[PDB]
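Here is the structure we will look at, set down as structure tokens.
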Amino acid sequence: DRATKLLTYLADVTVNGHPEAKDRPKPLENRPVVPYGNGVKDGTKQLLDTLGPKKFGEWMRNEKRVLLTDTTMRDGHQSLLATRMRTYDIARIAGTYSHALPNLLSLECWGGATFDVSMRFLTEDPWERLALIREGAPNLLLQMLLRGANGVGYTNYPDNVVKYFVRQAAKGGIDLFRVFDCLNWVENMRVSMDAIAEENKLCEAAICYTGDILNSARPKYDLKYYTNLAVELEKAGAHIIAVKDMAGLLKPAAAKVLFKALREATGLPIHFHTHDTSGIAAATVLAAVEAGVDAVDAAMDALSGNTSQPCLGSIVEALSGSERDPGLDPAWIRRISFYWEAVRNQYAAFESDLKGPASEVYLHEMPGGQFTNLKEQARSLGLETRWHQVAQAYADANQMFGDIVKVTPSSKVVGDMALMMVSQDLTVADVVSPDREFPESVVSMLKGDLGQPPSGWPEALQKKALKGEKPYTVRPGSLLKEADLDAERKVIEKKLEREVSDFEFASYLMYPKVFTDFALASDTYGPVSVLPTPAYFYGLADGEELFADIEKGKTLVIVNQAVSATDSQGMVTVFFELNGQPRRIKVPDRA
Amino acid sequence: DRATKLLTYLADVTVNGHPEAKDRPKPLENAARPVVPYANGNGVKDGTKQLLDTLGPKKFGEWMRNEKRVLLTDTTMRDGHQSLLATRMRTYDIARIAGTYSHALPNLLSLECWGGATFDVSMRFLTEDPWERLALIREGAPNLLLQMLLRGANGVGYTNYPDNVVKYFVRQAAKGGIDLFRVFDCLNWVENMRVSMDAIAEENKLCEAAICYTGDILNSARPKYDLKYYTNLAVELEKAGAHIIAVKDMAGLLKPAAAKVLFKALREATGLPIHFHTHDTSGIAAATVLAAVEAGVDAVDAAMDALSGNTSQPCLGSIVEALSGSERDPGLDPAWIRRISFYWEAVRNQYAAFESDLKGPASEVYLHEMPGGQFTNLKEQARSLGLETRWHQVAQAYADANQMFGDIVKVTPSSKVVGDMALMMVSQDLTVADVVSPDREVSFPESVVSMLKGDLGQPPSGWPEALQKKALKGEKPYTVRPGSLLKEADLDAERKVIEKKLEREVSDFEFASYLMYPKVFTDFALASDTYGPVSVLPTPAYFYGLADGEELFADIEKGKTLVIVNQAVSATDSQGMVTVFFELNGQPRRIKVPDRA
Amino acid sequence: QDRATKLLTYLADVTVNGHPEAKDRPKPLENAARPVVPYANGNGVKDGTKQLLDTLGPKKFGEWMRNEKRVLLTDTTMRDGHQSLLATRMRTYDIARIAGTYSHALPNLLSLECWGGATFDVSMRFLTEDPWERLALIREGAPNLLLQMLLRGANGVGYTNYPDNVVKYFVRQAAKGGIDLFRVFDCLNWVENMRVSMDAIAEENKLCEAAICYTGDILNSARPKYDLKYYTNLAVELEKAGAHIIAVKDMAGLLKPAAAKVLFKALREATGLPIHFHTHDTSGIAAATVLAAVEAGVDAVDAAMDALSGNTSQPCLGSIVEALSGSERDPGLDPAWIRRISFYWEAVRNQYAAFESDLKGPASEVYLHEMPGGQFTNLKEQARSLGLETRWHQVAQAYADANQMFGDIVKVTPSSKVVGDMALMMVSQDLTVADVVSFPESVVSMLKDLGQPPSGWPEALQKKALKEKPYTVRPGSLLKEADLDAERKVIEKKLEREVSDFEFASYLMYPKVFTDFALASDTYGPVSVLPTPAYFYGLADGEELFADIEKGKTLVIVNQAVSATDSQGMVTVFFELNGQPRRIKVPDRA
Ligand SMILES: [Cl-]
Ligand SMILES: [Cl-]
Ligand SMILES: [Cl-]
Ligand SMILES: [Mg+2]
Ligand SMILES: [Mg+2]
Ligand SMILES: [Mg+2]
Ligand SMILES: [Zn+2]
Ligand SMILES: [Zn+2]
Ligand SMILES: [Zn+2]
């Protein structure tokens, strides 16, 4: 039966294809090998257990060597592969990171688009993924990107929902929460941060970077602005401060100034996250290090560059022998990279067509993790040939909103506006016109659903968009009614005809429909996450042999022997051998 | 009749495909043609070319040194597509953009646009004349230095040439429009650079003598290439007459911390200006470039965004953006840089057949040290031999081979030797120990034997004795400069040879071509006779011909524009011929070509 | 069973690779109804000619045919019919199934021609089935009708002449196997070469029907060699030799209506014996000669069921009967049952699309070449083989030219192949009868081993051909009598078991062909039990088949899936046999 359920998924996929793969490129027909005895060395995880989050923050500050966060298991594939990287490929390498690179600060491996996408697109539980990484790497900190008032979603939630979620995340194994607000609005962060401290985990409050601190003609976003935000987040009870350069806009000179000034403004350690879209982010990371930054993010070489993080192996190599040398073995970095390379090939279906660095990022400000996405939508809305006008629209739409931080979800809101401008052939001057008579997302933002910029929203655009609906300027969750968690849990148990887990109730609070659809498919198809990635996406070619582990003990030998023509009722029969026993699995012909 | 030959080319490719493109990915069927950007319309401003002519090469070098701003060289027209598109970039696309560079970016130091692999690949794979290319660039950008890579003892070839031949080619190159010669020897052997350096100066042109970078000056476990190895060479090259010293970091090995130290030291060891070339394979070469700039380097190379990154140069627009407003701000408009880059992106889309499968940065570069321009090629060569799933063993054997040869500068042509050694080691399952084993017969590759014999010159500490003795199978090696053993070419006699083969007089340029590439040039000349001036065709037509019904505009001369329509194509006849039915300017033309399937 | 296993192996081997005889030929309409055996009226079978022959014996039975007023009928559908139209590929499955229906619906029939000729050879070599088994099955289906074979005389059932004791031995077996009526012919109308066979048929107490092969034209004075006296002498001659019945074997369909009125008056006046007439309808007028024969008082005639009649076959049974219906010689055969059986043969025919010729209809050309109905199409594909399709009418002129060269001879198996081989070559090399007078194996072998023509062979032609002394003695006398006890041990040592008497007869006739068949029997089992589509095309994907492995055991075989070709060359067919999953590996021969 465990086996039966899987065999049926392997029949369906073999006969019909995966919807996400069926007409995108296929992988080069001509497998990843986990690298090849000791126990594991205590690391940052044992240290955090010893010191607690406050003192641990202090230990980072005092530490001479730069500390490294590896973003491969989250941001890396979120930016390069539409976030389609699977638990199977992520879980299998954790033990290797654990044994081979025990000096790492943390693995960024959760939150961001992974929660959503893992269920909705990859038919797998994100809590299962977290647990398996926890078991693989008991000596490293596990880091998530947490979207402040948004959790792992796009709408701002009731306070208790946010509270509940952070509680279960901590229980699932998150040690380090990188929390951010899409308008750098500290008031909208106080709920999540307090929730993190109350779990006794690391609250790394982030400041999103935009504009250019060294351009006097763009004064909205200068030095003071960042340094004051820092001082505000310390008072707010942060253990660490992050600079989140979501679009890779921080230039090297700017880093040199920024990180001096930040460390003078606060005693807290500083953590720097950036993207390589410009093709010089590594210069900025090195600059940051030279100015004394406490911790930096990079991605394994094979999933680095462009819209991802800059190259981990190269940055480490740049520092090796220096006062701030991180002490990571370059030969082990390569071995793990060669693995991710072999992993990456399996996702040929999800490669963008981005060929290299673009200094154009300084014009549009699209976040690394939005870039490809917004090119896909433009191709979808038929605008492929006009893509550069869309970049111009983004920036123009950005000025219109009064020059704002564009990170999730405010970035979609700008995206949505820019596409409408190019489509409906509209200028900003038309957009503002009091007479030239808006995406749901835009109206949402302009009322006050995602908070307030420093500016305040431009009054003329606002009164035009809202047309009737008076705006609110209070903090969103201070209007949302406190979800009846008791009463909202029943609804998902009479819809699934069973008790769920606290973790499951969490997935549901965040994504009612996506979790629902996931639970049904899961009762149909079984533990599909244990299937290797080429089997998950393409089934089993004829005569072929597959090993899957359904639990701790049992390994299954699954062989596709044969696949019949289609019968009278529209069915197709796949003939299997499961551990030497003959199996026939009928699967409906969806052609 | 030049129309007839062009139609014959179009028919052949229409019916049979182009051998270089037939079995590779095709461009998107949509495909916006590249649009030359509209320019404001103000004149061309005097730039570095006028200054060179005024000052002569020596004082101009001085001018570079004294300039506070950092000087940029754009590599897009040469190293850019050598590294990323197998050098297949065509004259049509290269020359169409020169005027834009000229009007828009007048402050550039030079366009690197000639030499390296372009000389050979233009004739061999593109059926076009590298001198014609240079002439069109010269005419479009009369205010900028035109720059070439010149291989010192190998000219634009791969083998050693007689002195008089190296001297002759350099004279033609100067005449053809080259202003700035980056000249390098693959073993950093100054003795072997002297003839070239002297020839460049005798032409009153810029001699930018290069030091190749390898290893790590900051790693005291690798002392052979320490700081003083570079500063000694810079002093030696100056004595030898350089106007400019280049650091040629062919594999992108130089790290930022090392650049801080190297460029400060160089500019103290010599008064000449310094020019820094690197490659972005590591994914951090821009950090090294900005650090070089911080440290006072005079010029740096970059490639236009759309042809930069990975094995190419680091991104030009972003480098420029990061200097914007600094003390050494290079004075280049990034709007215009982005416009020229957008053109290059459309141009590059046409070359889908030649894209590699490289995904991004690789710190593995610090291990293998493969030059950026070799990487993709070597990997194709490995695939060729069934070694695709063992690429990383090839990269490891390449490192091991480097050490076995005594740890050497790896760049054309010495890099190809190490590559040959590596491929053989992986195929035949041989460790370095096996390679030098007394009990193991090993047929060494020809490039390896030749190198240990002396043909490529002398590394600073000689060739490892036991390896050499084993590889040479009794042949006696030499330590003189390989050119001093070559017979002076009988220039008069040889010119007569090619003139009798082609039954016509050739120009001096054509003759230099022949001197460097006798077979490839002859072949090219025979193709020109049959097909006419195919370089005037747009790139899709050149690689794919015309689809059924398709209308193409083409300029056979500056005078007229031919309108060509593919009206119909016949079945293969009993002669094995296919008839293409063209309209040329409303008139019917039936062209017959062979069915080559 | 392992017999079941063997059938699956075959079914898999044909499903994956096709039948070699069918794979590159036309395929039955994808529509196609299963032929349906008609439910015949009642319970028992009316005694018929079989019971009469049991009671009376052969001589007296001959007298009874003579005396009978009604015309008697032989149905040739089971033998000559598909030999002429379908290259003798008709299967036992289809033949056996209909026997009982004949037995109930047409008890008045004289005989079923159903054995002999090319069937013996072709059933084994091309159909992978036992001709004796086939005979037994018809015997069981029709215990009231006579069963008739064609016997090539001294050639027996092969193409060469055999030892006397082999001919004797084979005929003994044919009797024990169920044949009641033997039609014996010599390919040169040579009675001395017939004497052994007839004696042997008499000795086994079955009907000796001694045939006289018709050729030329008794009514054309310009061709006197085969005049009326020629035949009437041969009729009187064979009566001395002990015929129970005299046949006129018109192998080429050359006898014309006016010639029939004369020939049959004269014959019945020459001999007391009944006369049986066999013809072929290549002219498109043979029915006319049949009806002329009846009116002149012939005792028995041959016809083929409507659906396998006309052209190179026999003339139409149903139409001949309908024409005699109500006349004083009315054969007493239900026209509606003939049509029911015809509808059946029509559905059976459609299954053999692979073997249809492109013969369009009647050809008066037959009077020029004289090619036997059974040869015509054969020799035309053969001419095709050698790129002569375009010069086919020249190949016909060549055959008639060749015939005159040999001296205007009786052309029929195996003398006909001999003229065939000659004319083919003659065209290939562009050679006149003047040129001819380096040969094919069989042209020199006849001039030496087929027997003697009434005048002898042409002098110069025999000399320039044989290049070695010729003989005139009966071939069966110069062939030392085969050691029968020795020869048996040989086929039994090779086949690692003793064979039955019938099987030793097969081996004696066709040593190589029987040997290969036995081996195939051991490998594929009783394939003859499969229905015809299955035997030639296997089972479609998901097709359900019902097959009778034996008596009252039906197997339910379903082909459920067919795997890709595996690394070690094999292919795996996934059967369900009687609800039980089964896996059969066969090699991809392609
Ligand atoms: Cl949902
Ligand atoms: Cl050459
Ligand atoms: Cl035989
Ligand atoms: Mg620190
Ligand atoms: Mg300077
Ligand atoms: Mg009668
Ligand atoms: Zn990010
Ligand atoms: Zn280079
Ligand atoms: Zn017949």
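Order of the sequence lines fixes the chain letters, A, B, ..., with proteins taken first and strands second; residue numbering starts at 1 for each chain.
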Relative to chain B, which segment of [X] carries a heavy atom at a distance below 4.5 Å: side chain, backbone, both, or neither?
X         : value
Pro310(A) : neither
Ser304(A) : both
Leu286(A) : side chain

Inset, instruction - Could you tell me which non-hydrogen atom of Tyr213(B) sits nearest to which non-hydrogen atom of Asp216(B), and how far apart they are? - result: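 Heavy atoms of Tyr213(B) and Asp216(B) come nearest at OH-CA, 3.6 Å.
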
request  = May I ask you to name which of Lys255(B), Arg338(B), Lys359(B) has the most heavy-atom pairs under 4.5 Å with chain A?
outcome  =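 Answer, by heavy-atom pair count under 4.5 Å with chain A: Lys359(B).
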
Practice problem: Considering only heavy atoms and a distance below 4.5 Å, find which of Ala335(B), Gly325(B), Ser282(B), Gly360(B) pairs most often with chain A. | Solution: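 Max contact count across the listed options: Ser282(B).
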
[X]-[Y] side chain donor-acceptor pair, cut-off 3.5 Å:
X         : Y         : result
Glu341(A) : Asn345(A) : no
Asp93(B)  : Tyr351(B) : yes
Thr76(B)  : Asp74(B)  : yes
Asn310(B) : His279(B) : no

Check your understanding: Most heavy-atom pairs under 4.5 angstrom with chain B, which of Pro330(A), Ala282(A), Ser308(A), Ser314(A)?
Key ->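 Most heavy-atom pairs within the cutoff with chain B belong to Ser314(A).
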
Would you list the atom pairs, donor with acceptor, under 3.5 Å between side chains in residues 358-368 of chain A and any protein atom, with sequence neighbours excluded?
unit_1: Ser359(A); atom_1: OG; unit_2: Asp305(B); atom_2: OD2; d: 2.5
unit_1: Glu360(A); atom_1: OE2; unit_2: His388(A); atom_2: ND1; d: 2.8
unit_1: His364(A); atom_1: ND1; unit_2: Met366(A); atom_2: N; d: 2.9
unit_1: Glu365(A); atom_1: OE1; unit_2: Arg218(A); atom_2: NH2; d: 3.1
unit_1: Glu365(A); atom_1: OE1; unit_2: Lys406(A); atom_2: NZ; d: 3.1
unit_1: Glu365(A); atom_1: OE2; unit_2: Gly211(A); atom_2: N; d: 3.4
unit_1: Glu365(A); atom_1: OE2; unit_2: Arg218(A); atom_2: NH1; d: 3.1
unit_1: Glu365(A); atom_1: OE2; unit_2: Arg218(A); atom_2: NH2; d: 2.9

| What part of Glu294(B) gets closer than 4.5 Å to chain A, counting heavy atoms only: side chain, backbone, both or neither? |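 For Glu294(B), there is no contact with chain A at all, as no heavy atom is under 4.5 Å.
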
